[PDB]
>>> print(open('my_file-v1.cif').read())   # mmCIF, C-alpha atoms
data_final
#
loop_
_atom_site.label_atom_id
_atom_site.label_comp_id
_atom_site.auth_asym_id
_atom_site.auth_seq_id
_atom_site.Cartn_x
_atom_site.Cartn_y
_atom_site.Cartn_z
CA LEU R 275 4.41 -51.61 22.54
CA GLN R 276 2.95 -51.56 19.02
CA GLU R 277 -0.35 -50.21 20.34
CA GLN R 278 1.40 -47.48 22.33
CA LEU R 279 3.41 -46.46 19.25
CA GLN R 280 0.23 -46.27 17.16
CA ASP R 281 -1.46 -44.09 19.78
CA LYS R 282 1.48 -41.68 19.82
CA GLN R 283 1.47 -41.53 16.02
CA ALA R 284 -2.24 -40.70 16.06
CA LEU R 285 -1.76 -37.90 18.59
CA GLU R 286 1.12 -36.41 16.59
CA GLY R 287 -1.03 -36.48 13.46
CA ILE R 288 -3.92 -34.81 15.29
CA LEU R 289 -1.98 -31.91 16.86
CA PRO R 290 -1.19 -29.60 13.88
CA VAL R 291 -4.79 -29.35 12.62
CA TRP R 292 -6.03 -28.24 16.04
CA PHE R 293 -3.22 -25.70 16.39
CA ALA R 294 -3.97 -24.32 12.92
CA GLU R 295 -7.66 -23.98 13.84
CA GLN R 296 -6.75 -21.99 16.95
CA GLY R 297 -4.43 -19.78 14.90
CA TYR R 298 -7.20 -19.17 12.38
CA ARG R 299 -9.56 -18.04 15.13
CA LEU R 300 -6.94 -15.67 16.54
CA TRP R 301 -6.09 -14.18 13.15
CA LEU R 302 -9.78 -13.73 12.32
CA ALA R 303 -10.23 -11.75 15.53
CA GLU R 304 -7.14 -9.65 14.76
CA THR R 305 -8.35 -8.99 11.20
CA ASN R 306 -11.75 -7.86 12.49
CA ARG R 307 -10.08 -5.46 14.93
CA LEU R 308 -7.79 -4.02 12.25
CA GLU R 309 -10.73 -3.68 9.85
CA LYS R 310 -12.64 -1.63 12.41
CA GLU R 311 -9.58 0.52 13.12
CA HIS R 312 -8.93 1.14 9.41
CA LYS R 313 -12.56 2.12 8.80
CA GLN R 314 -12.42 4.55 11.73
CA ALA R 315 -9.17 6.01 10.36
CA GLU R 316 -10.79 6.51 6.95
CA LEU R 317 -13.75 8.28 8.54
CA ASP R 318 -11.35 10.52 10.47
CA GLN R 319 -9.35 11.35 7.34
CA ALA R 320 -12.53 12.28 5.47
CA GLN R 321 -13.54 14.54 8.37
CA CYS R 322 -10.11 16.19 8.47
CA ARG R 323 -10.16 16.76 4.70
CA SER R 324 -13.54 18.47 5.02
CA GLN R 325 -12.13 20.60 7.84
CA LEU R 326 -9.16 21.50 5.62
CA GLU R 327 -11.52 22.64 2.86
CA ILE R 328 -13.51 24.75 5.33
CA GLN R 329 -10.32 26.32 6.70
CA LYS R 330 -9.09 27.09 3.18
CA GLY R 331 -12.41 28.82 2.50
CA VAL R 332 -12.04 30.83 5.71
CA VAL R 333 -8.51 31.88 4.72
CA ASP R 334 -9.74 32.91 1.27
CA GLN R 335 -12.56 34.99 2.76
CA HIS R 336 -10.17 36.70 5.18
CA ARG R 337 -7.64 37.58 2.48
CA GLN R 338 -10.36 38.79 0.10
CA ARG R 339 -11.79 41.05 2.81
CA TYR R 340 -8.34 42.41 3.65
CA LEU R 341 -7.32 43.08 0.04
CA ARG R 342 -10.19 45.54 -0.47
CA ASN R 691 -7.53 50.61 9.52
CA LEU R 692 -7.98 47.55 7.30
CA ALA R 693 -4.82 45.88 8.65
CA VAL R 694 -6.89 44.40 11.50
CA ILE R 695 -8.54 42.15 8.91
CA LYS R 696 -5.05 40.89 8.04
CA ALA R 697 -4.67 39.79 11.67
CA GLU R 698 -7.79 37.65 11.29
CA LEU R 699 -6.28 36.12 8.16
CA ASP R 700 -3.11 35.34 10.11
CA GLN R 701 -5.10 33.45 12.74
CA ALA R 702 -6.93 31.54 10.02
CA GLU R 703 -3.75 30.64 8.17
CA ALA R 704 -2.14 29.57 11.44
CA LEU R 705 -4.99 27.14 12.09
CA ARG R 706 -4.66 26.01 8.48
CA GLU R 707 -1.08 24.85 8.90
CA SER R 708 -1.90 22.97 12.09
CA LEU R 709 -4.84 21.30 10.38
CA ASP R 710 -2.58 20.50 7.43
CA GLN R 711 -0.13 18.86 9.83
CA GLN R 712 -2.95 16.83 11.36
CA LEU R 713 -3.98 15.58 7.92
CA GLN R 714 -0.44 14.38 7.25
CA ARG R 715 -0.30 12.49 10.54
CA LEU R 716 -3.72 10.97 9.94
CA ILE R 717 -2.77 9.91 6.42
CA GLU R 718 0.29 8.12 7.77
CA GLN R 719 -1.81 6.40 10.41
CA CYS R 720 -4.42 5.49 7.82
CA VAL R 721 -1.75 4.06 5.53
CA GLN R 722 -0.19 2.27 8.49
CA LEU R 723 -3.59 0.96 9.54
CA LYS R 724 -4.35 -0.13 5.99
CA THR R 725 -1.00 -1.88 5.75
CA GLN R 726 -1.55 -3.58 9.10
CA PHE R 727 -5.09 -4.46 8.03
CA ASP R 728 -3.76 -6.10 4.87
CA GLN R 729 -1.26 -8.13 6.88
CA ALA R 730 -3.98 -9.36 9.22
CA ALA R 731 -6.17 -10.34 6.28
CA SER R 732 -3.29 -12.26 4.73
CA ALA R 733 -2.55 -13.93 8.05
CA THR R 734 -6.22 -14.79 8.49
CA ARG R 735 -6.44 -16.10 4.94
CA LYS R 736 -3.17 -17.94 5.46
CA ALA R 737 -4.56 -19.30 8.71
CA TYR R 738 -7.83 -19.89 6.86
CA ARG R 739 -5.83 -21.94 4.37
CA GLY R 740 -4.11 -23.65 7.30
CA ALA R 741 -7.32 -24.52 9.17
CA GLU R 742 -9.54 -25.62 6.27
CA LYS R 743 -8.98 -29.32 6.99
CA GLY R 744 -12.08 -31.29 7.95
CA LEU R 745 -12.78 -34.46 9.93
CA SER R 746 -12.43 -32.54 13.21
CA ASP R 747 -15.18 -34.58 14.92
CA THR R 748 -14.01 -36.95 17.65
CA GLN R 749 -10.45 -36.11 16.61
CA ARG R 750 -11.18 -32.51 17.59
CA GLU R 751 -12.83 -33.80 20.77
CA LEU R 752 -9.61 -35.62 21.67
CA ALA R 753 -7.54 -32.58 20.67
CA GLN R 754 -9.48 -30.22 22.94
CA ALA R 755 -8.54 -32.47 25.89
CA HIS R 756 -4.97 -33.12 24.70
CA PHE R 757 -3.98 -29.65 23.47
CA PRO R 758 -4.57 -26.19 24.96
CA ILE R 759 -6.91 -23.61 23.48
CA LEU R 760 -4.86 -20.64 22.29
CA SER R 761 -5.75 -16.99 22.91
CA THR R 762 -5.22 -14.07 20.54
CA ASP R 763 -2.34 -12.82 22.69
CA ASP R 764 -0.56 -16.10 21.86
CA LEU R 765 0.63 -14.77 18.51
CA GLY R 766 3.95 -16.63 18.51
CA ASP R 767 3.02 -19.06 21.27
CA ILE R 768 1.17 -21.18 18.69
CA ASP R 769 4.49 -22.06 17.05
CA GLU R 770 6.24 -22.48 20.41
CA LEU R 771 3.66 -24.88 21.85
CA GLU R 772 3.27 -26.77 18.56
CA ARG R 773 7.03 -27.29 18.27
CA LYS R 774 7.26 -28.28 21.94
CA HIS R 775 4.50 -30.87 21.56
CA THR R 776 6.07 -32.12 18.32
CA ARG R 777 9.47 -32.55 19.98
CA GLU R 778 7.97 -34.34 22.99
CA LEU R 779 5.95 -36.67 20.76
CA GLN R 780 8.96 -37.34 18.51
CA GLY R 781 11.02 -38.28 21.56
CA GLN R 782 8.22 -40.55 22.77
CA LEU R 783 8.01 -42.19 19.33
CA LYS R 784 11.79 -42.66 19.23
CA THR R 785 11.80 -44.26 22.68
CA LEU R 786 8.88 -46.52 21.75
CA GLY R 787 10.67 -47.55 18.57
CA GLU R 788 13.82 -48.37 20.54
CA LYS R 789 11.79 -50.46 22.98
CA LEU R 790 9.99 -52.18 20.10
CA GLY R 791 13.27 -53.05 18.40
CA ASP R 792 14.71 -54.38 21.65
CA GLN R 793 11.58 -56.47 22.20
CA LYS R 794 11.74 -57.81 18.64
CA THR R 795 15.37 -58.83 19.19
CA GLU R 796 14.35 -60.47 22.47
CA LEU R 797 11.56 -62.36 20.70
CA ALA R 798 13.94 -63.51 17.96
CA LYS R 799 16.45 -64.75 20.55
CA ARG R 800 13.75 -66.52 22.58
CA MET R 801 12.34 -68.21 19.47
CA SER R 802 15.85 -69.28 18.47
CA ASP R 803 16.39 -70.78 21.93
CA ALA R 804 13.04 -72.58 21.70
CA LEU R 805 14.04 -74.02 18.32
CA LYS R 806 17.34 -75.14 19.85
CA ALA R 807 15.36 -76.93 22.56
CA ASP R 808 12.92 -78.14 19.89
CA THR R 809 13.75 -81.48 18.29
CA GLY R 810 12.24 -80.51 14.94
#
>>> encode(input="my_file-v1.cif", output="structure tokens")
Amino acid sequence: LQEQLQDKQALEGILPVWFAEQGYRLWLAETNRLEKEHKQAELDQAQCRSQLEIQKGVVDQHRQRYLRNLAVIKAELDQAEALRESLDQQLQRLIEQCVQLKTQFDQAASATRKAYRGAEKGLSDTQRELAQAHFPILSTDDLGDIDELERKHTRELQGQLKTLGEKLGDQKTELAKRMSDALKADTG
């Protein structure tokens, strides 16, 4: 019973490090994805700003030509200014997305770093070898499933430890009673 209890204690000690390592891998992947998305959003916002400058120049040229049967030129200006507002709107949307992306990116980084600070423990070795056969490998879609599975394994192992402790206490009481009976039979 003592040996079984020790084995369960060892497994319970091993579990959290492995789960933290899996979480670190998942958060690193997520951070890489969000980094790529944020960089693409920044490129798009630079492109849209350049387009806005070009459209402003076009509007300025149209209005300058009109201000000097000239009303037709005004029509051109109208078209230009119309495009301008749409482009302006696009910029706004993009900015929001960029900000959103950046915010999300930051979160991922923090998570990764947090997970990096959670999975920096060493001595993986044969302990990690046992963990890979005792605990599942978690996928990036298992964002909250890490906590769920870790808590489930912890509860199961705690119940096993409690049952083993109950059995060990019962066996110790049995041994004490048997030794007492032997002493009673013993003459000295």
>>> resolve_selection(input="my_file-v1.cif", expression="the PyMOL selection byres ((chain R and resi 297) around 10)", output="PyMOL selection string")
chain R and resi 291-296+298-303+733-734+736-738+740-741+759-762+764-769
>>> residues_around(input="my_file-v1.cif", residues="region 794-806 of chain R", least_positions_apart="5", cutoff="12 Å", atoms="only C-alpha atoms", output="VMD selection string")
chain R and resid 275 to 276 787 to 789
>>> resolve_selection(input="my_file-v1.cif", expression="the PyMOL selection byres ((chain R and resi 708-712) around 12)", output="list in words")
residues 318, 319, 321, 322, 323, 324, 325, 326, 327, 328, 329, 330, 701, 702, 703, 704, 705, 706, 707, 713, 714, 715, 716, 717, 718, 719 and 720 of chain R
>>> resolve_selection(input="my_file-v1.cif", expression="the PyMOL selection byres ((chain R and resi 288) around 10)", output="PyMOL selection string")
chain R and resi 282-287+289-293+746+749-750+752-753+756-757
>>> closest_residue(input="my_file-v1.cif", among="R:320, R:692, R:745, R:308", to="residue 731 (chain R)", atoms="only C-alpha atoms")
R:308
>>> residues_around(input="my_file-v1.cif", residues="residue 724 (chain R)", least_positions_apart="6", cutoff="9 Å", atoms="all atoms listed in the file", output="PDB file with C-alpha atoms, in the frame of the given file")
ATOM      1  CA  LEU R 308      -7.790  -4.020  12.250  1.00  0.00           C
ATOM      2  CA  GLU R 309     -10.730  -3.680   9.850  1.00  0.00           C
ATOM      3  CA  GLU R 311      -9.580   0.520  13.120  1.00  0.00           C
ATOM      4  CA  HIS R 312      -8.930   1.140   9.410  1.00  0.00           C
ATOM      5  CA  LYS R 313     -12.560   2.120   8.800  1.00  0.00           C
ATOM      6  CA  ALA R 315      -9.170   6.010  10.360  1.00  0.00           C
TER       7      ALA R 315
END
>>> atom_distance(input="my_file-v1.cif", atom1="CA of residue 782 (chain R)", atom2="CA of residue 748 (chain R)")
23.1 Å
>>> atom_distance(input="my_file-v1.cif", atom1="CA of residue 278 (chain R)", atom2="CA of residue 786 (chain R)")
7.6 Å
>>> atom_distance(input="my_file-v1.cif", atom1="CA of residue 773 (chain R)", atom2="CA of residue 785 (chain R)")
18.2 Å
>>> residues_around(input="my_file-v1.cif", residues="residue 699 (chain R)", least_positions_apart="6", cutoff="12 Å", atoms="only C-alpha atoms", output="list in words")
residues 329, 330, 331, 332, 333, 334, 335, 336, 337, 338, 339, 340, 341, 692, 693, 705 and 706 of chain R
>>> closest_residue(input="my_file-v1.cif", among="R:700, R:722, R:694, R:776", to="residue 316 (chain R)", atoms="all atoms listed in the file")
R:722
>>> axis_aligned_box(input="my_file-v1.cif", around="region 721-728 of chain R", padding_each_side="6 Å", output="lines of an AutoDock Vina configuration file")
center_x = -2.6
center_y = -1.0
center_z = 7.2
size_x = 16.9
size_y = 22.2
size_z = 16.7
>>> build_atoms(input="my_file-v1.cif", residues="region 303-321 of chain R", atoms="N, CA, C and O atoms", output="PDB file, in the frame of the given file")
ATOM      1  N   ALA R 303      -9.953 -12.818  14.577  1.00  0.00           N
ATOM      2  CA  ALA R 303     -10.230 -11.750  15.530  1.00  0.00           C
ATOM      3  C   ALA R 303      -9.347 -10.531  15.269  1.00  0.00           C
ATOM      4  O   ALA R 303      -9.827  -9.385  15.273  1.00  0.00           O
ATOM      5  N   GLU R 304      -8.055 -10.763  15.023  1.00  0.00           N
ATOM      6  CA  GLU R 304      -7.140  -9.650  14.760  1.00  0.00           C
ATOM      7  C   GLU R 304      -7.538  -8.899  13.494  1.00  0.00           C
ATOM      8  O   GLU R 304      -7.479  -7.663  13.453  1.00  0.00           O
ATOM      9  N   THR R 305      -7.935  -9.629  12.449  1.00  0.00           N
ATOM     10  CA  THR R 305      -8.350  -8.990  11.200  1.00  0.00           C
ATOM     11  C   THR R 305      -9.603  -8.156  11.404  1.00  0.00           C
ATOM     12  O   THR R 305      -9.717  -7.062  10.844  1.00  0.00           O
ATOM     13  N   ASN R 306     -10.558  -8.654  12.194  1.00  0.00           N
ATOM     14  CA  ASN R 306     -11.750  -7.860  12.490  1.00  0.00           C
ATOM     15  C   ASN R 306     -11.379  -6.566  13.205  1.00  0.00           C
ATOM     16  O   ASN R 306     -11.882  -5.484  12.861  1.00  0.00           O
ATOM     17  N   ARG R 307     -10.491  -6.659  14.198  1.00  0.00           N
ATOM     18  CA  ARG R 307     -10.080  -5.460  14.930  1.00  0.00           C
ATOM     19  C   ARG R 307      -9.409  -4.455  13.996  1.00  0.00           C
ATOM     20  O   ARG R 307      -9.723  -3.257  14.024  1.00  0.00           O
ATOM     21  N   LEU R 308      -8.487  -4.929  13.154  1.00  0.00           N
ATOM     22  CA  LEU R 308      -7.790  -4.020  12.250  1.00  0.00           C
ATOM     23  C   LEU R 308      -8.729  -3.442  11.199  1.00  0.00           C
ATOM     24  O   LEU R 308      -8.550  -2.293  10.782  1.00  0.00           O
ATOM     25  N   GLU R 309      -9.732  -4.209  10.768  1.00  0.00           N
ATOM     26  CA  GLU R 309     -10.730  -3.680   9.850  1.00  0.00           C
ATOM     27  C   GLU R 309     -11.495  -2.525  10.479  1.00  0.00           C
ATOM     28  O   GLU R 309     -11.687  -1.472   9.853  1.00  0.00           O
ATOM     29  N   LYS R 310     -11.939  -2.705  11.726  1.00  0.00           N
ATOM     30  CA  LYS R 310     -12.640  -1.630  12.410  1.00  0.00           C
ATOM     31  C   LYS R 310     -11.754  -0.395  12.547  1.00  0.00           C
ATOM     32  O   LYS R 310     -12.193   0.737  12.301  1.00  0.00           O
ATOM     33  N   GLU R 311     -10.494  -0.603  12.937  1.00  0.00           N
ATOM     34  CA  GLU R 311      -9.580   0.520  13.120  1.00  0.00           C
ATOM     35  C   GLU R 311      -9.338   1.259  11.805  1.00  0.00           C
ATOM     36  O   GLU R 311      -9.313   2.495  11.773  1.00  0.00           O
ATOM     37  N   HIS R 312      -9.156   0.516  10.711  1.00  0.00           N
ATOM     38  CA  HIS R 312      -8.930   1.140   9.410  1.00  0.00           C
ATOM     39  C   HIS R 312     -10.149   1.928   8.951  1.00  0.00           C
ATOM     40  O   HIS R 312     -10.013   3.026   8.395  1.00  0.00           O
ATOM     41  N   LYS R 313     -11.352   1.386   9.164  1.00  0.00           N
ATOM     42  CA  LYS R 313     -12.560   2.120   8.800  1.00  0.00           C
ATOM     43  C   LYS R 313     -12.681   3.410   9.607  1.00  0.00           C
ATOM     44  O   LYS R 313     -13.037   4.467   9.065  1.00  0.00           O
ATOM     45  N   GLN R 314     -12.385   3.344  10.909  1.00  0.00           N
ATOM     46  CA  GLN R 314     -12.420   4.550  11.730  1.00  0.00           C
ATOM     47  C   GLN R 314     -11.394   5.572  11.243  1.00  0.00           C
ATOM     48  O   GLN R 314     -11.675   6.777  11.201  1.00  0.00           O
ATOM     49  N   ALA R 315     -10.199   5.108  10.872  1.00  0.00           N
ATOM     50  CA  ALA R 315      -9.170   6.010  10.360  1.00  0.00           C
ATOM     51  C   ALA R 315      -9.621   6.677   9.064  1.00  0.00           C
ATOM     52  O   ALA R 315      -9.362   7.866   8.845  1.00  0.00           O
ATOM     53  N   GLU R 316     -10.283   5.922   8.185  1.00  0.00           N
ATOM     54  CA  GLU R 316     -10.790   6.510   6.950  1.00  0.00           C
ATOM     55  C   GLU R 316     -11.858   7.559   7.226  1.00  0.00           C
ATOM     56  O   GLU R 316     -11.879   8.622   6.590  1.00  0.00           O
ATOM     57  N   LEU R 317     -12.758   7.280   8.171  1.00  0.00           N
ATOM     58  CA  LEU R 317     -13.750   8.280   8.540  1.00  0.00           C
ATOM     59  C   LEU R 317     -13.075   9.545   9.072  1.00  0.00           C
ATOM     60  O   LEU R 317     -13.452  10.668   8.704  1.00  0.00           O
ATOM     61  N   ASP R 318     -12.059   9.375   9.920  1.00  0.00           N
ATOM     62  CA  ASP R 318     -11.350  10.520  10.470  1.00  0.00           C
ATOM     63  C   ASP R 318     -10.644  11.321   9.383  1.00  0.00           C
ATOM     64  O   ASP R 318     -10.624  12.557   9.426  1.00  0.00           O
ATOM     65  N   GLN R 319     -10.042  10.637   8.407  1.00  0.00           N
ATOM     66  CA  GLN R 319      -9.350  11.350   7.340  1.00  0.00           C
ATOM     67  C   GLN R 319     -10.328  12.110   6.454  1.00  0.00           C
ATOM     68  O   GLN R 319     -10.032  13.223   6.005  1.00  0.00           O
ATOM     69  N   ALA R 320     -11.511  11.539   6.207  1.00  0.00           N
ATOM     70  CA  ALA R 320     -12.530  12.280   5.470  1.00  0.00           C
ATOM     71  C   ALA R 320     -12.958  13.528   6.239  1.00  0.00           C
ATOM     72  O   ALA R 320     -13.087  14.619   5.660  1.00  0.00           O
ATOM     73  N   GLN R 321     -13.162  13.388   7.552  1.00  0.00           N
ATOM     74  CA  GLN R 321     -13.540  14.540   8.370  1.00  0.00           C
ATOM     75  C   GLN R 321     -12.461  15.617   8.337  1.00  0.00           C
ATOM     76  O   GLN R 321     -12.765  16.808   8.203  1.00  0.00           O
TER      77      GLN R 321
END
